[PDB]
DNA sequence: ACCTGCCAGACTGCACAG
DNA sequence: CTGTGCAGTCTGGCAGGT
Ligand SMILES: O=C(CCCOc1cccc(Br)c1)N[C@H]1CCSC1=O
Ligand SMILES: O=C(CCCOc1cccc(Br)c1)N[C@H]1CCSC1=O
């Protein structure tokens, strides 16, 4: 097993260093240490929810200058960003280019203005369906093709362990509308998602129509919703069914 | 320089000129046999049909054991696939993990799949993929577990992307094609609101929104808008 | 070519001064900035500074000197140039600072270096060791040497008490000094050197492996390296240390005495390194090495 | 004792016979069932038989002969002892069997065998190579030698196009032959020996390494190995093959032709081989080896 | 925890005019 | 291509018990 060493040895070492840390700022601090050691100035870990369909909120932490974070949270460049949306298209890492952000150029002009010109971003869909992205950035020295695969594997290991522990530490970042449907309400919401109306679901369950109606009311108030389409869509999105 | 990085670059290069599924699984078979384990498998839990989540699968096991799945349909009952739904780490095969459904473990031990691993991963288009590997002896040590983790996670990434390129029948869900306005109206109504409120905010009459709703109804073969919204959320296409 | 061994320019912002077998490495940090690296031995002083005048307009543009080791190999040049340079921070490991502060160690280092001189030269005026312009560095300290230089110091213990290694993050460069050992001039494979601890040495090489793939590996003996071998230099030195462990354990089990292997290994290796290290101390040094190997790591 | 060398009661169920350099191993796999392994060289036949009568009460009791590959150094004893062992049965890979059935690559074998016969030694009556009893065995076949031992055949190619190794799960020994390659007793480290395919050889060693921790290890030269060297013997072969590849590519970069390296390896390493290899042919063996490594490495 | 009827509300698969 | 249609099944929301 001590034959290749190398990258596997790095992964074991980073896991050992990461494990006993329990403060989230400590986790980001060690990640910041690691991404400095690869030769990139700055990093940024972002999480795209899918809770609000019309305006999907995207919660982000990282180390870019604070007024640029303010530029995000005021002008709301998160949704218009295609680096985040690349995860929805495919699970490929993507280096940054002027060609890549042809859809939205104001972001690129602001970034190249503001001390970020070279960088890359690795998406990943967390198991709970919250598309997450890990971005890294520097000023000069465009990424070489010789470099790219090592950054790819190391960023994937980093984001895997990172989202694992951020799930473990129940960060504000990933907490959804916390809902815990037990078995029968999970089943009935699932069946409603399958489009069977109340009568069909009732007769196959042989349960009274107004009883299942009241169960729909319980599910309604649980999500604070006016219509079952919200219940079905959100239950599908968050994986409750 | 040898080693892992040069084992990943060469594998990607060997993967690039392929254009057929048999070549993909042939190189998977060669590489997993290089790794050490005997058999492989690639499963896909779709989330599309909610009442009966259909599971596709392809590998090199006994053909009659694949037939055992088709006759008795242990796709839903499999904990190995189900761990992908909850978490993302690799799960190592053991009696404790299959303790919920010991019947599967009993047949698996009987059919000569004693030891293995099973890595899940969420495919980019919201559709659970998993790649598993197995052998007959040599229970996985803690020393080999992480090497298995890295390799079984470089091949599942590349292979899921690769079959997505070849439009393999396993990965792709039913074809979906929505206009920007169709996607937009379905996204707006996916949040629970009456069609009238939608008509007010879009500044278009109720007849048009009902018309587009009827179009999505005929597209998804739906009996109710809830089905359309649910499948839309599941496929990640709104 | 792989061993970019000649003096003069090596890379866009890296030059080699003096003799290659005990190099004195220089970094272009900017427009009016310089920074020596790896130090040197005492005999080469009038050589090394005489090469510095070729690559530097005037000596004041230096700002930092990186030193990686306690031994005579690389500390020897320090007192004989620091009066010339108006200012330079002798960045070195924290435990090495106490070594310079002590009066005991300087006796050994200065006498050993003075043994190496040619029959003619006497050194120029040089300040006492205690008045060195020194600033310690701990593990992981981010040495912002310049706009284009973000070096991380890693404490690679084991070859000595204190041996640190400097690693440029941006160009994936790494000045390891003697931590990787000594790159063999002829036969190519790495050559282990452990003189004060064994168990820590493998830990240091593990951390060196944990650093990402290295474009340019740089020991303190034999000049710069590039390419495939420099990438897995960290793995190979670890593996060679295990190979020498196997050699010593096999010889001990076979019952041949300890010092006979030391004499044979001295005969094998000392020839390429004769010009900085008289053989009588070479034998004792590698005797100590094999003593540590016999003691530890069965 | 880490390497039991002399012949005799090597173990409770095993006894080495013949010269230690090119030995034949007897397996005492039952009260009424023994077996042979690694069928050696032709010249030692009248030794081996003279040794075998120390153990066997009657030679007919022997059943199974185990053979590793088609090279002359391990298959010399078959035509000279197989007719006189009437109940013998020879096991080997099918690619060995095709080679033996072929007229070609046999006259060379008997010539090289003859070419080692210390002085006037007419051999005994020899049968033709095709007629002797063989039942070839494929990869992974489980072998029921007897109630106790259940060996396993691993398709360990690379030292030759047909090489296989014989593993037992019960007591965790492994008749390697030359899959790992020769063992250097003077230097205590393994010897690479590749003659067809590097790329197959390394993955063959990986398949060897993934086996359990070996309690014992029997190469085709140097006798049984015991203890710590049994475990990481798989790892050390991998190590040494990459080491010698590094040496070849390094000297090629320097500009030395392979001819210098072949002479260097010969003078450094032929001391073990002087008894049972022509020196001139050993040089050609290194030439073929290093040419294959030059082609296939990186 | 899971039960049986109503009162309109918010719409449902086609309607064909605009 | 899209506004307007009543007719009509689908179904939010307690009233009142289980
Ligand atoms: O996608 C990402 C990661 C998510 C956003 O990162 C940010 C942005 C502002 C403040 C902080 Br802290 C992090 N970065 C890329 C998109 C545009 S440029 C860039 O850095
Ligand atoms: O589905 C899996 C992993 C892949 C199994 O391989 C196959 C073979 C044929 C059809 C299918 Br579906 C899967 N289950 C695991 C846990 C219990 S047994 C096993 O292999």
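Each value in this text was obtained by applying a stated rule to the coordinates, not by laboratory testing. With ideal geometry, Cβ positions are generated from the backbone for all residues, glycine too; neighbour counts draw on all protein chains shown.
Just how far, in whole angstrom, is segment D:182-229 from segment B:60-118 if you go by their alpha carbon centroids?
Cα centroid of segment B:60-118 versus Cα centroid of segment D:182-229: 37 Å apart.
Under the Kirkwood approximation for Rh and a Cα-based Rg, what ratio Rg/Rh is obtained for chain B?
1.07
Which residue is it, in chain D, that holds its beta carbon closest to the axis of the D-onto-C rotation, and how many whole angstrom away?
That would be D:239, 3.
With a Cα-only, solvent-free Debye model of segment B:175-238, what are the log10 I(q)/I(0) values at q = 0.12, 0.17, 0.22 Å⁻¹?
Debye curve over Cα of segment B:175-238, log10 I(q)/I(0) at q = 0.12, 0.17, 0.22 Å⁻¹: -0.25, -0.51, -0.87.
Go ahead and set up a Gaussian network model of chain A, Cα springs under 10 Å, then flag whichever of A:171, A:216, A:183 fluctuates most.
A:183
If the label for residue C:228 sits 7 angstrom from Cα along the Cα-to-Cβ line, what are its distances to the same label in every other copy, in nm to one decimal, shortest first?
Inter-copy label distances (nm, one decimal, shortest first): 3.2.
Only residues of segment C:44-61 count here: report those whose backbone N is under 19 Å from the spot 7 Å along Cα→Cβ of residue C:31, or say none.
It comes to C:56-61, nothing else.
Kindly give the distances from residue D:30 to its copy-mates, label point to label point, with each label point 7 Å from Cα along Cα→Cβ, as nm values to one decimal ordered shortest first.
8.5
When you look at the Cβ of every residue in B:215-226, what mean number of other chain Cβ atoms sits within 10 Å? Before the final figure, lay out the partial values.
Working: counts 0, 0, 0, 0, 0, 1, 1, 1, 5, 8, 6, 13.
That average works out to 3.
Give me the percent of DSSP beta bridges within chain C that run antiparallel, rounded to the nearest 5.
60
For an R0 of 51 angstrom, estimate the FRET efficiency from the Cβ-Cβ distance between residue C:53 and residue A:29 and round to the nearest 0.05.
With a Förster radius of 51 Å, E is 0.70.
Normalising by the residue count of segment A:3-177, find the relative contact order in percent from Cα pairs under 8 Å and 6+ residues apart.
Averaging sequence separation for qualifying contacts and normalising by length gives 24 percent for segment A:3-177.
What's the average, rounded to a whole number, of partner chain beta-carbon atoms within 10 Å of each residue's beta-carbon in C:227-240?
Per residue, the number of nearby Cβ atoms from other chains is 5 on average.
With 10 angstrom as the radius, rank D:88, A:133 by how many other C-beta atoms surround their C-beta, starting from the fewest.
D:88, A:133
For peptide C:247-259, how many partner chain Cβ atoms fall within 10 Å of a residue's Cβ, on average?
Details: counts 5, 1, 4, 9, 3, 1, 7, 5, 0, 1, 0, 0, 0.
What the average comes to for C:247-259 is 3.
Full extension from residue A:210 to residue A:170: what is 0.36 nm times the residue separation minus their Cα-Cα distance, to one decimal in nm?
Length difference between fully extended and current span is 10.6 nm.
In nm, what does the list of distances from residue C:117 to its counterparts in the other copies look like, shortest first, when each label sits 7 Å along Cα to Cβ?
So the label point of residue C:117 gives 7.3 nm to the other copies.
Would you work out if the protein assembly as shown is rounded, prolate or oblate? Take a ≥ b ≥ c from the square roots of the eigenvalues of the alpha-carbon gyration tensor; rounded if a/c is under 1.5, else prolate when a/b is larger than b/c, oblate otherwise.
Values: a/c = 2.66, a/b = 1.23, b/c = 2.16.
Oblate, because a/c is 1.5 or more while a/b does not exceed b/c.
Give me the one-decimal nm value for the distance between modelled label points at residue B:183 and residue A:100, 7 Å along each residue's Cα-to-Cβ direction.
About 2.0 nm, to one decimal.
Restricting to the protein assembly as shown, compute how many DSSP beta bridges are antiparallel as a %, nearest 5. Working shown, then result.
On the way: 89 of 115 bridges.
Around 75 percent of the beta bridges assigned by DSSP in the protein assembly as shown are antiparallel ones.
State, to one decimal in nm, how far the label point of residue D:138 lies from the label point of residue B:20, with both points 7 Å from Cα in the Cβ direction.
2.4
Any idea how far the Cα center of segment D:115-134 sits from the one of segment B:24-44, in Å?
46
In what sequence, highest mean first, do C:118-129, D:27-38 appear when ranked by Cβ atoms within 10 angstrom? Kindly include the intermediate steps, with their values, before the conclusion.
Values: C:118-129: 10.6, D:27-38: 19.9.
Answer by packing, highest mean first, reads D:27-38, C:118-129.
Would you please put D:2-13, D:70-81, C:188-199 in order of how densely packed they are, using the mean number of other Cβ atoms within 10 angstrom per residue and starting with the highest?
The packing order, highest mean first, is D:70-81, C:188-199, D:2-13.
For segment D:238-288 and segment A:158-199, what is the centre-to-centre distance using only Cα atoms, to the nearest Å?
For segment D:238-288 versus segment A:158-199, the Cα centre distance is 64 Å.
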